[PDB]
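Novice: Structure incoming, see below.
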Amino acid sequence: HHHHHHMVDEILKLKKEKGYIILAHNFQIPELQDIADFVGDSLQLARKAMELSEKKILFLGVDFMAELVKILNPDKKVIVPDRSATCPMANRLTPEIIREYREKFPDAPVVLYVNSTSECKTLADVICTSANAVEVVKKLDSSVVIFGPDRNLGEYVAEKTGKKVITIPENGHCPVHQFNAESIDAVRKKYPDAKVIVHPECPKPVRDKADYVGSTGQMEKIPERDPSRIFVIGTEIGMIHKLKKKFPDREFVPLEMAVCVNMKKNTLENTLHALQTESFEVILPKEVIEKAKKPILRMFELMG
Ligand code: SF4
Ligand SMILES: [Cl-]
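Dropping the structure here:
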């Protein structure tokens, strides 16, 4: 409209004027995706974090990813519009729990999903995202691993690798991706030639009835090789916008409406304000950056 127009225009002028690059996750609102310089999944954001040139980064997503960007760029400025933008699943794994399980299952490497606190990362042998979890866990020599905080992704990794995956905490899961399998049954009836794509954070019954299971970055690539007219999408609602923009020739139907309240905390208004004030800076203890970069870089080493 007219008010969003002023905010958009200023964001683009200020970003240019101040030497910011704006990076956004796929679950950000459409209006912020549209103003970002790079929108992608966690893995793509991590790779982008290593190769960008700008000295200042405005990050639009949740805290753990902003902090990852910072860990890989300790001498650049990283700001976020809202510091409370967090991943509730991630926050239930603690350093005390990792220590507990390391003592309970000595020998086993600790693999942490990128949705994890930066302090938890310092204790990990290696980090993974949904895109590379299976690959990463295969290259570890141990046949037993400790994995968290997502039980669903861990269980997915166990199925694919055949390795024993001890998940922590007890019931770590993403509430956004708790779709009902009956939704897939229903959509099969309504659109019998649609392809169903879901995230590995979804529960097993949902995963098992999908045509494709993958990270949101992987989702965005499936239509490059699958000619299907209709795709049904089991991830957070913001992905629909991204998909529709990439492939205007196809139809994208949410499996169900699912919203990450934390991802929606960034708005045009607080994004503009962030560029105006150059705040809030992402700041981490030096020790945490030193100790956490290890398993993050290990992830890229075990990849290809
Ligand atoms: S969608 Fe789920 S896993 Fe991703 S940030 Fe939100 S609560 Fe965390
Ligand atoms: Cl395939």
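Each residue of the sequence shown is one higher than the one before, starting from 276 at the first, in our numbering.
Idealized CB from N, CA, C, for every residue including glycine.
1) Taking DSSP as the reference, what is the three-state secondary structure of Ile421?
2) Among residues of its own chain, excluding the 5 on either side of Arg377, which ones have a beta-carbon nearer than 7 Å to its beta-carbon?
3) Heavy atom of ligand 4 less than 8 Å from the Cβ of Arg500, yes or no?
4) What does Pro529 pair with, by DSSP beta-bridge criteria?
5) Quick one: what does DSSP say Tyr466 is sitting in, helix, strand or coil?
6) Assuming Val462 and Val473 form a contact by the criterion Cβ under 8 Å, report the distance between their Cβ atoms to the nearest whole angstrom.
7) Should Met574 be flagged as near chain B, meaning a C-beta pair shorter than 9 Å?
8) Using only the alpha-carbon positions, how far apart do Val534 and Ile512 sit?
9) Please report the straight-line C-alpha distance between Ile558 and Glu394, rounded to a whole angstrom.
10) Under the criterion of a Cβ to heavy atom distance below 8 Å, does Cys403 qualify as lining ligand 1?
11) When the Cβ atoms of the stretch 355-371 are set against those of the stretch 323-331, are three or more pairs found closer than 8 Å?
12) Enumerate in chain order the residues of its own chain whose CB-to-CB distance from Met578 is below 6 Å, with the five nearest sequence positions on each side excluded.
13) Going by CA-CA distance only, name the one from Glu457, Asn390, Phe313 that's closest to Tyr295.
14) Among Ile441, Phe454, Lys438, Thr542, whose alpha-carbon lies nearest the alpha-carbon of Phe334?
15) Assuming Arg426 and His452 are in contact, meaning their beta carbons sit under 8 Å apart, how far apart are those beta carbons, in whole angstroms?
16) With a threshold of 8 Å (Cβ to nearest heavy atom), would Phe422 be considered close to ligand 1?
17) Does DSSP put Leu298 in a helix, a strand or coil?
18) Quick check on this structure: which residue in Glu430, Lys438, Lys479 has the alpha carbon closest to the alpha carbon of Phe454?
19) What do you reckon, are the CB atoms on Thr404 and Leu318 nearer than 9 Å?
20) Taking the continuous beta strand (DSSP E) assigned at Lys291, which residues delimit it?
Specialist: According to the structure shown:
1) Looking up residue 421 in the sequence shown gives position 146. Shown here, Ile421 sits in a strand according to DSSP, grouped into three states.
2) Within the sequence shown, residue 377 is the residue found at index 102, counting from 1. Hits under 7 Å: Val385.
3) This structure lacks ligand 4; the ligands present are ligand 1 and ligand 2.
4) As a working mapping, residue 529 is identified with position 254 in the sequence shown. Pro529 pairs with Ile508.
5) Here the question's residue 466 lines up with position 191 in the sequence shown. Note: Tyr466 maps to coil in three-state DSSP.
6) Working through the sequence shown from its first residue, we reach residue 462 at position 187. Working through the sequence shown from its first residue, we reach residue 473 at position 198. Incorrect: roughly 11 Å between the Cβ atoms, too far for contact.
7) Within the model displayed, chain B is absent; a lone protein chain is all it includes.
8) Numbered from its first residue, the sequence shown carries residue 534 at position 259. Numbered from its first residue, the sequence shown carries residue 512 at position 237. Approximately 6 Å between the Cα atoms of the pair.
9) Stepping through the sequence shown from its first residue, residue 558 is reached at position 283. Stepping through the sequence shown from its first residue, residue 394 is reached at position 119. Their backbone Cα atoms lie some 13 Å apart in a straight line.
10) Locating residue 403 in the sequence shown gives position 128, where the first residue counts as 1. Taken from the Cβ of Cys403, every heavy atom of ligand 1 lies 8 Å or farther away.
11) no
12) The residue given as residue 578 occupies position 303 in the sequence shown. Same-chain partners within the cutoff: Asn407.
13) Residue 295 sits at position 20 when you count from the first residue of the sequence shown. For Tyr295, the nearest C-alpha among the options comes from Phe313.
14) Position 59 of the sequence shown, counted from the first residue, corresponds to residue 334. Nearest of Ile441, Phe454, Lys438, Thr542 to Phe334, Cα basis: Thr542.
15) Taking the sequence shown and counting its residues from 1, one reaches residue 426 at position 151. Taking the sequence shown and counting its residues from 1, one reaches residue 452 at position 177. With a Cβ gap of about 12 Å, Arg426 and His452 do not count as contacting.
16) As a position in the sequence shown, residue 422 is number 147, starting the count at 1. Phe422 Cβ: outside cutoff for every heavy atom of ligand 1.
17) Counted from its first residue, the sequence shown places residue 298 at position 23. The answer is strand: DSSP assigns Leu298 an E or B state.
18) One-based indexing of the sequence shown puts residue 454 at position 179. Closest option to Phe454, Cα to Cα, is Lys479.
19) Sequence index remark: in the sequence shown, residue 404 carries index 129 (1-based). Sequence index remark: in the sequence shown, residue 318 carries index 43 (1-based). Yes, the Cβ-Cβ distance between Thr404 and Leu318 is below 9 Å.
20) Sequence index remark: in the sequence shown, residue 291 carries index 16 (1-based). Unbroken run through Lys291 is the alpha helix (DSSP H), 278-293; no beta strand (DSSP E).
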